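First up is the structure itself, then whatever we jot down about it.
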Amino acid sequence: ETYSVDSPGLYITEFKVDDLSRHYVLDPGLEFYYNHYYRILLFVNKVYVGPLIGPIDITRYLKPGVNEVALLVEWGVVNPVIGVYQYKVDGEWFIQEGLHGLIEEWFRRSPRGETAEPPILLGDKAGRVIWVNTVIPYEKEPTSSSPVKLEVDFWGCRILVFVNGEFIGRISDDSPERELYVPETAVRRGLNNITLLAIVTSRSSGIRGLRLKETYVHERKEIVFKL
Amino acid sequence: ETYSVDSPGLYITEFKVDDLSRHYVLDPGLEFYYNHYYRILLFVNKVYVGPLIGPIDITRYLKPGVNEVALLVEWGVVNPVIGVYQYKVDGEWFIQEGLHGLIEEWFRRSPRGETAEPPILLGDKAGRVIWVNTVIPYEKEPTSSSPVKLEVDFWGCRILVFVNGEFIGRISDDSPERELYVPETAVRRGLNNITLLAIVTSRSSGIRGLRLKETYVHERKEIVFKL
Amino acid sequence: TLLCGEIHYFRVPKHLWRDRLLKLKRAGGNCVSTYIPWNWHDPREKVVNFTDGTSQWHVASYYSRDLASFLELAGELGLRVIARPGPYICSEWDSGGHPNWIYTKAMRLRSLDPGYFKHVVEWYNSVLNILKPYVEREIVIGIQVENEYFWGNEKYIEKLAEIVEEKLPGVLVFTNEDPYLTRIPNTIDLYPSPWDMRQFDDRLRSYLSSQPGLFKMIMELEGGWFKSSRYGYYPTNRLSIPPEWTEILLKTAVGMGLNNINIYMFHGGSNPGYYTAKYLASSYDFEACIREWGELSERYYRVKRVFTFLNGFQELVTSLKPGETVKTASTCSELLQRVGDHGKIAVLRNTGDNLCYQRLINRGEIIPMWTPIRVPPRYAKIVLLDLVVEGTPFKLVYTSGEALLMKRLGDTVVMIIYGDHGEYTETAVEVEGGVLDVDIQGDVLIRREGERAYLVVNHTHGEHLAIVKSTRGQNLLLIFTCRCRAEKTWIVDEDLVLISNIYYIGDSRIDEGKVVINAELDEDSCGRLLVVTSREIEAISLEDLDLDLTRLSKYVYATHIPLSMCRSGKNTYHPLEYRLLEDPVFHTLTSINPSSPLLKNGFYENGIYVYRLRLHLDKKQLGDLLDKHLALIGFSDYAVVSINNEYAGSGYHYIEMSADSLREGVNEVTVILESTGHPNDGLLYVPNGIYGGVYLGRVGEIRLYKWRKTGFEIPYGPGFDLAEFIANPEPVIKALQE
Amino acid sequence: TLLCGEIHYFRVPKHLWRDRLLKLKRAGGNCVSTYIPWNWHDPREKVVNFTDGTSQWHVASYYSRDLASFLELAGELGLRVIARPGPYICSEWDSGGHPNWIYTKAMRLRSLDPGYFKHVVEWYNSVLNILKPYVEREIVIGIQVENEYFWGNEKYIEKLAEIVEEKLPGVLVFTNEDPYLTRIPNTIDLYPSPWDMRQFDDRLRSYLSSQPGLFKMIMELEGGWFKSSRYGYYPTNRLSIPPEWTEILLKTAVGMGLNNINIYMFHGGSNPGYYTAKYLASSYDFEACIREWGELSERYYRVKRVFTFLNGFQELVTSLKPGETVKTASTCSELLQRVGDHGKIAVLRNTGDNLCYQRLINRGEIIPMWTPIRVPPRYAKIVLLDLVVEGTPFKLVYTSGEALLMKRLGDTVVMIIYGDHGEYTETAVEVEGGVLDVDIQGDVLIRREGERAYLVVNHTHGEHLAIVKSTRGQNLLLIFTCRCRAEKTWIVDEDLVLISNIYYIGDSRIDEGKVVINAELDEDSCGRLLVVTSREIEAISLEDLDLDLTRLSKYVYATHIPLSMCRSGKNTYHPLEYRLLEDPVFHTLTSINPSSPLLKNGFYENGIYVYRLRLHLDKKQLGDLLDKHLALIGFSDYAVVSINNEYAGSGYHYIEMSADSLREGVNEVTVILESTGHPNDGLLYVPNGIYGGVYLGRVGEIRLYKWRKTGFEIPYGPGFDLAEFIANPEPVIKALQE
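Line order of the protein sequences matches chains D, B, A and C. Residue numbering for the first sequence follows the deposited numbering, starting at 746 and increasing by one per position. Residue numbering for the second sequence follows the deposited numbering, starting at 746 and increasing by one per position. Residue numbering for the third sequence follows the deposited numbering, starting at 2 and increasing by one per position. Residue numbering for the fourth sequence follows the deposited numbering, starting at 2 and increasing by one per position.
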């Protein structure tokens with residue numbers, strides 16, 4: 746009956762598998778992901794798989810020939826697809842929390858780097874973390890009378906911003922604005938070491954420039970009344 | 746039945762007069778006045794007076810005892826009232842178009858005036874026309890890259906603005922903004938004679954200041970392609 | 002198709018006409034609307050001006066009557082013209098266009114009255130003789146006979162149209178908004194309140210069914226609204242019109258199949274002193290696309306994307322009809338659909354402030370396979386379907402992103418497609434000779450299945466390129482940009498497209514070697530400039546700084562405008578000195594009859610007048626009531642009153658002074674009166690000056706609030722003259738008949 | 002009454018807490034809401050912080066856990082506090098408040114699970130011990146037990162509330178939005194789309210009838226909305242919230258009789274690095290009253306007028322009930338009415354973009370006689386009726402202008418009333434000892450009729466004064482201002498009111514001689530300053546410039562800040578140099594089991610992780626399909642993948658790399674993974690890291706779009722636990738029963 750599966754209810758659909766030798770990985774679609782996650786409960790055949798975390802290998806829950814998917818969506822949207830894979834790949838896994846330059850605090854003091862011109866091309870360096878370090882002069886006392894936004898012009902990167910070693914924020918290609926507010930507690934009178942950790946995400950990447958913009962400059966005037 | 750008389754239809758109401766010795770002047774109310782005038786037709790008794798121009802002496806159309814008003818409002822709003830007056834005042838009338846300082850072009854060149862401090866009080870001078878003449882330095886070539894708005898801070902006045910003798914516009918207490926755009930054809934590089942004809946309307950009047958503000962300052966850059 | 006902004010040469014300084022008309026051409030406008038106001042050209046019952054000359058203290062030297070130069074300049078810029086030469090123009094102008102001497106000639110305006118219409122024939126002979134050469138040059142394409150005669154008499158508008166069809170053979174002739182016309186085309190003036198799509202869609206659907214086979218146009222779409230004194234508000238009276246709203250109305254009008262659109266005020270500009278309606282501001286900024294001071298607002302860039310699409314896909318958009326065969330998968334967007342000879346369009350409208358994710362069903366299959374169509378909040382997306390790219394093997398089966406533009410460069414079609422940052426758009430390309438290969442730059446994912454390449458693109462602050470090659474050696478270059486770089490794309494020549502952050506691209510010198518363009522940069526304007534062209538660009542420079550080039554592909558050059566080039570600045574300038582002079586007010590006085598309008602006395606100008614009244618009073622002051630007021634009543638729209646040289650009161654149409662300074666004998670009353678403008682209807686004589694009189698006391702105040710409402714119907718229709726009805730009203734019969 | 006902004010001490014730098022809380026006090030806010038997020042204070046299953054200390058690279062030194070100092074500072078500023086200490090807070094925060102170690106402890110969050118609830122009891126013992134002294138000081142006035150448990154189980158919220166009622170005797174304890182509570186008060190979180198008054202009025206009317214005798218509050222009114230990556234938009238995701246809208250909702254809530262209002266984000270501020278929800282921006286500006294950078298937006302000044310009225314007339318507003326006895330004369334504004342012990346209010350709401358002119362009928366008579374009530378477009382006007390000014394002979398029978406404020410200065414009541422420029426407001430004053438006289442300054446017109454003075458005022462850019470004297474020697478000073486000067490009025494002391502153009506008035510030193518205030522001036526801030534006070538002001542200075550004084554009346558001083566004082570400026574600063582360093586990425590590696598979440602491995606932080614996978618491949622690559630992809634599937638919210646040191650792909654939860662660089666034997670895959678935050682619901686464990694796996698080929702793609710929808714009802718109510726239902730779902734019965 747319905748194409749959307751996008752509104753509260755219990756939805757059922759039916760699909761067919763040949764041999765059970767493949768891996769059947771259910772993707773909930775880009776519609777599903779929200780900052781407040783969607784209460785959608787997956788069943789494969791009559792068996793409960795779980796709430797939708799994200800993508801799931803459903804191969805355990807399915808049988809040769811015809812199968813069902815049910816979705817009790819209480820709230821939110823999905824657009825489910827099953828990707829079918831020849832193998833799931835064996836290997837030992839290891840983790841690190843953070844990165845070498847991050848856990849050595851290169852945002853406080855990096856080693857020296859090579860100088861680059863303002864259009865920094867990074868798409869060659871894709872798959873890697875580049876630290877772009879800059880000094881910006883700010884020759885005046887920093888105040889909430891003249892707040893500072895750092896604007897980064899870039900593409901193809903996920904960039905973490907640090908000002909004088911204080912972590913300011915993140916910017917990504919799909920972030921809604923290219924500006925971070927940097928507080929008067931981060932900014933220094935004199936030189937500001939403003940540093941970008943760019944995880945370089947694409948063969949097109951680059952940073953085109955930095956600016957600190959004062960959003961406005963108000964006069965704080967002390968007004969005095971003799972009685 | 747209805748209080749409003751504010752929507753299309755023929756409305757009738759009834760009122761009483763004692764003696765026919767007074768003047769009965771119908772006011773259509775401040776609701777009635779619009780830049781595109783309201784199609785509202787007045788009848789007093791069964792006799793057509795006319796479309797509503799504004800306030801009308803209806804005494805010709807009314808009879809001792811009970812009277813009717815009818816209003817074919819095709820479009821727009823009224824809130825009619827009759828003011829009742831003891832006399833209409835006899836006297837010869839005279840006109841001038843404009844004013845002496847206006848028809849002598851004091852906006853091109855006035856005589857010299859006395860200097861005033863920036864908070865110019867005018868409420869003493871109510872009922873009169875004061876010319877406030879100023880010179881503003883504008884030390885750069887005027888362009889549509891950096892348009893100029895004159896902001897006047899004032900109250901109690903109807904002020905006509907002239908820049909270098911070119912008529913820029915009017916501002917009044919009830920005008921929606923205190924800024925006039927002054928074109929690059931009005932502004933001069935060097936000194937600008939910016940002049941206000943203030944007809945002083947109230948015992949509270951004054952001008953608090955003038956500024957030319959550049960709304961923004963864009964760079965016009967000549968971009969060139971070799972082939 | 003006509004894609005218009007309205008830009009009034011009588012509200013823009015003559016020096017700025019090229020600056021404002023080129024901003025319209027650079028938006029994708031291909032036509033200018035303007036009024037030609039009768040009172041701008043014949044103010045004073047003398048000679049029609051038609052030049053840079055002026056003879057009013059309130060009209061600056063830089064405002065011009067030189068319509069012939071505006072028509073030639075619209076011709077230089079390649080814009081067509083809709084002339085709105087009506088005796089009536091509305092437009093929040095003085096008298097709505099009528100010159101204030103006609104109130105002496107005619108009691109019944111906007112009619113076939115021989116008083117009014119004789120003078121309208123003189124006006125039409127004047128303006129149509131000015132228009133004729135520019136009509137024969139095909140610059141002036143359509144003549145609009147008057148604004149908004151809502152009430153219907155075909156006879157009057159057909160006589161207006163017959164004068165035009167006599168003096169200007171074969172032109173378009175039409176009325177703004179008269180529902181009752183049979184042979185003369187009618188247009189629409191759609192000014193809906195924000196998010197009221199119910200009225201906008203129903204007025205469009207009503208209008209599109211009217212007058213079979215005759216020309217359809219939105220002669221006035223909401224590009225903003227005006228501001229007033231007395232009852233007005235800063236941006237507009239309404240109070241602000243969302244830039245999102247104007248774009249939803251444009252894309253809705255396109256989706257409903259109305260090709261011809263005029264944005265009404267594309268610039269607005271400024272009222273020349275007392276050439277303005279009663280209570281209007283001197284600003285006619287209108288909150289327009291181009292603000293009064295020349296600023297490209299958010300509305301400009303939004304409008305510019307729609308007008309760029311409607312040029313780029315003009316062949317598609319003129320071939321369209323209703324069809325109603327595509328379905329949505331989810332009710333989260335409203336679908337307005339059209340089908341055509343060589344392609345199809347789905348306008349997906351999201352009037353909500355939530356983001357919508359949508360799928361379309363075209364031939365019993367969901368078209369975008371790996372992505373939903375993102376439909377932004379407060380938005381309408383033109384999804385483009387089944388488009389056969391003409392003279393090429395390429396069919397653009399769908400794009401989930403909006404196409405901005407399509408262009409042909411030798412072997413290559415170029416198409417520009419956009420989405421927001423982090424939007425996934427899928428574009429399906431079907432090649433009738435098979436796909437030979439696909440080249441890419443940036444975050445483009447290729448899926449190839451038979452004769453189709455499916456191109457899934459993650460939009461970012463730059464261009465992603467895909468070059469689909471056909472086996473036949475024809476190519477399709479798809480360029481994928483964020484929305485703000487599609488907004489700041491300029492077709493500065495038919496063989497030069499600049500995709501940029503640049504605020505405006507301005508004038509050009511397309512020389513046979515060393516091309517030059519007049520870019521205007523704001524503090525956002527730096528970063529990458531991407532140039533699409535068949536010209537072999539050897540270098541790019543900005544203001545003699547050399548810029549670095551990368552030739553991305555045969556037709557494409559990237560370069561960077563450094564972030565050090567642009568500046569942020571907003572300076573203010575203050576007086577050296579303030580000098581005061583009291584005006585003696587009185588030059589010379591001439592006698593006027595009591596209550597007579599100053600136009601019956603030959604004063605056809607608005608603006609300041611001073612009356613002196615020499616009022617006579619006597620022992621009847623002892624017969625005056627305890628309230629003891631003097632009232633000045635029935636005057637035009639502002640006065641300041643002084644009684645025996647003492648200031649006594651000020652106000653708009655009625656002032657009730659305390660009579661403190663009256664005496665026995667002769668009393669001088671001075672009334673400095675300012676007339677702001679006549680009203681901008683064209684039906685009522687609202688006189689300038691004191692049309693009422695001066696009155697004593699206040700015996701009482703009879704408030705009128707016990708109304709009976711009797712339901713009378715005004716007989717509007719093809720035979721109904723509103724000026725005859727205002728002069729000879731039939732409700733006298735219904736007042737007699739209860 | 003509680004008039005709150007929400008200002009999160011965990012999103013504002015500790016230095017800026019006074020700067021932001023004093024901006025709220027200066028708006029007329031008399032209370033602060035805040036969450037107290039559990040994961041802000043116990044990030045890592047160790048010790049609750051409660052200090053300026055930090056131990057995360059992503060949380061700047063200037064963000065603080067020192068809630069005790071925020072509560073003392075709210076106490077210094079005289080603000081009360083609503084503490085929202087829930088184990089869950091929502092708020093677009095990381096895990097919606099839960100510390101990411103609880104996912105190891107409890108499979109069923111927001112429940113009476115002994116896994117979850119044992120750790121919630123430890124959290125409530127921690128935070129309620131911090132709150133107790135500030136609760137006993139009456140600084141903390143109300144405890145909100147968790148955000149938005151919509152689904153209903155009374156048992157869980159009553160156990161949360163019972164811990165609070167045990168540790169903090171006699172406080173207000175309540176839930177955000179649970180419809181099913183009997184004894185525990187419930188609030189509302191009204192976030193309606195612009196101009197949808199239908200939902201706002203119906204949710205208010207529903208809510209006000211619920212829970213007889215228990216506390217009513219809007220615990221979250223729409224003060225703006227948040228912005229996201231991936232699906233978000235610049236101002237907010239919605240996309241912009243009109244400042245006109247928030248004020249109409251405030252004045253509607255007042256007119257519907259809801260006294261207690263929290264604007265939700267009054268400041269918003271900033272998310273501290275990876276303390277943010279999945280896909281949120283680091284900006285939590287929220288488009289709030291105070292923007293993230295400290296700017297007073299249009300919403301601030303609008304909100305400030307309502308919150309100033311609700312303080313100034315608190316005695317009136319707390320005495321109110323429905324009444325529904327006043328009528329409008331015209332349907333152009335919607336009337337919401339209240340009646341009270343010593344006065345009455347009519348909220349006239351104009352949701353339209355036209356200006357409305359209105360009359361009210363109170364006792365069978367139209368009240369405003371010589372003026373209509375102007376109701377602006379997109380506006381609600383509080384008309385104030387029948388108000389007996391307490392302890393005085395004065396009754397303010399009506400005002401057609403909005404009263405901003407009322408204050409008592411010895412013999413004098415001061416009332417500030419406003420309208421727009423060129424608005425006529427009429428104010429009727431009835432004096433129970435008779436009017437002795439009326440003094441005036443400015444464009445005030447007096448009509449006297451028995452015990453009444455009717456005051457008709459033409460509003461302009463200044464103050465008009467009327468001083469009505471009673472025969473008893475009590476006085477009423479009415480001050481009439483334009484709307485923008487009521488917006489920029491500050492009660493900097495209870496005996497010092499500044500009516501001004503000034504942008505902000507800031508901190509104060511109310512010394513026993515030489516009072517000082519910290520004014521902040523923008524380029525609009527110059528012009529007249531009008532000071533209302535019982536203090537004998539001998540001089541006013543600005544930054545040691547002497548300002549000229551006029552003492553207008555006993556309690557009032559005018560002075561002028563010169564237009565030369567303010568400056569317009571917006572500078573930009575650029576790098577001297579850019580220096581590049583490649584990070585070697587790898588510090589040290591520890592082994593993890595395939596598909597195991599990094600939180601099951603003790604990594605409770607969000608942010609960057611690098612995985613190394615040593616994948617084994619062999620002759621089975623000859624058994625792989627022609628598509629030859631490698632897919633990384635089921636990982637937390639961003640990864641960049643490299644295969645045998647060649648970059649292979651990036652994306653959000655699923656990446657399908659082309660397997661170009663795979664080989665026989667051991668393959669190194671590096672996954673630089675960034676986890677943006679957990680989601681801000683508190684029900685689902687959405688794990689950080691790779692919770693899925695790595696897969697080969699693409700044999701096929703089964704699209705799922707032929708759904709049957711079976712209409713199942715989730716049994717929400719006072720007995721329903723959503724976490725039990727997510728763990729043990731009953732639709733298994735309805736799947737068996739077709």
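Note that CB positions come from ideal geometry on N, CA and C, so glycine has one too.
1) Whose CA, out of A/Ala107, A/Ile103, A/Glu166, A/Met108, lies closest to the CA of A/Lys133?
2) Could you tell me whether the segment 339 to 359 of chain C touches the segment 278 to 290 of chain C, using the rule of 3 or more Cβ pairs below 8 Å?
3) Is there a Cβ of chain A sitting closer than 7 Å to that of D/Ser749, yes or no?
4) Quick check on the DSSP output: the alpha helix (DSSP H) that includes D/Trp851 runs from which residue to which?
5) Taking 7 Å as the threshold (beta carbon to beta carbon), is B/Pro864 in contact with chain A?
6) Measuring alpha carbon to alpha carbon, tell me which of A/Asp584, A/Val389, A/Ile90 ends up nearest A/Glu178.
7) Pick helix, strand or coil for A/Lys106, following the three-state DSSP scheme.
8) Just grab the DSSP bridge partners of D/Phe760 for me.
9) Residues of chain A with a CB under 8 Å from the CB of B/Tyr793: which are they?
10) May I ask you to report which of helix, strand or coil DSSP gives A/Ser207?
11) Compare the C-beta of C/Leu222 with all C-beta atoms of chain B and state if any pair is closer than 7 Å.
12) Using only alpha-carbon positions, find the residue among D/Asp764, D/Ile757, D/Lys791, D/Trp838 that is nearest to C/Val672.
13) Output needed in chain order: residues of the segment 818 to 833 of chain B with a Cβ under 7 Å from some Cβ in chain C.
14) Comparing C-alpha positions only, which one of A/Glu539, A/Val532, A/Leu522 sits nearest to A/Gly514?
15) Excluding the five sequence neighbours on either side, which residues of its own chain have a C-beta within less than 7 Å of the C-beta of C/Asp354, listed in chain order?
16) Answer yes or no: do C/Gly87 and C/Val146 have a C-beta to C-beta separation smaller than 7 Å?
17) Between the C-alpha atoms of D/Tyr961 and A/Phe201, what's the straight-line distance to the nearest angstrom?
18) Exposed or buried, which one is residue 761 of chain A when buried takes at least 16 other CB atoms within 10 Å?
The relevant details are as follows:
1) A/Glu166
2) no
3) yes
4) 851 to 854
5) no
6) A/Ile90
7) helix
8) D/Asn812
9) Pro730, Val733
10) helix
11) no
12) D/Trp838
13) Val822, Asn824
14) A/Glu539
15) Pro378, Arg379
16) yes
17) 40 Å
18) Not covered by the structure: residue 761 of chain A. The range shown for chain A is 2 to 739.
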